[PDB]
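The chain that follows stands alone, in the form solved without the ligand, written as structure tokens.
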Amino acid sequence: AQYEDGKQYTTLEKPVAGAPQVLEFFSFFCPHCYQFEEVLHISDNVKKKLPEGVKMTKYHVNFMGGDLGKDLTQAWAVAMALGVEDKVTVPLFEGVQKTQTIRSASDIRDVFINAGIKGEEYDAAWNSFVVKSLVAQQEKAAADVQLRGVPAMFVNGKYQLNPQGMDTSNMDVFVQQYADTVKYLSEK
């Protein structure tokens, strides 16, 4: 077949019931994740190839970066609770990987302050049980598939994108193959 298990995607041995339809995992420490954001805009390009209104979910992971990795999962929970993902994604990626100015939880908070989130609002979210539950939700989704690598995308809890099987001589062709694979998997 044109699309084959092991080429553009793999199939989970144990599918996850009730999973998000399109579920992405990333780390702000992850170099390909930085590219998926700033260079390729994978999430945007997948969204454009899917029907309007499809639920896309994006979660942070703990397993890169030790203490700060977990702080960043909690900060991503704050971003989701406040709805400010689009305001903080690029400065968090650049703070961790480009300028390397993010070395502590306080430095993460600085990114939100600079992006216009009030200190009181950030701190109240950071310490809220709503955010505690969002941290648990991110961990559970990753645990459901023993995730050991990012960037990762899962479709309907059943299929995992396999970017290592896609063309990388051309960045736009790669994005198109990735997005068309998501569309194919979503229609299975």
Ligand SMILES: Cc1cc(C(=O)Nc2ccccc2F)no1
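Don't overthink the numbering: it's just position in the shown sequence, from 1.
Another form exists, deposited with the ligand bound; not displayed. Remarks below refer to it.
By the criterion of a heavy atom within 4.5 Å, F36 is counted among the residues contacting the ligand in the entry with it bound.
For the chain shown alone, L50 is not a contact residue for the ligand in the entry with it bound, no non-hydrogen atom being within 4.5 angstroms.
Looking at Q74, you'd find every heavy atom of it more than 4.5 angstroms from the ligand in the entry with it bound. Taking the partner from elsewhere, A125 is found to have every heavy atom lying beyond 4.5 Å of the ligand in the entry with it bound.
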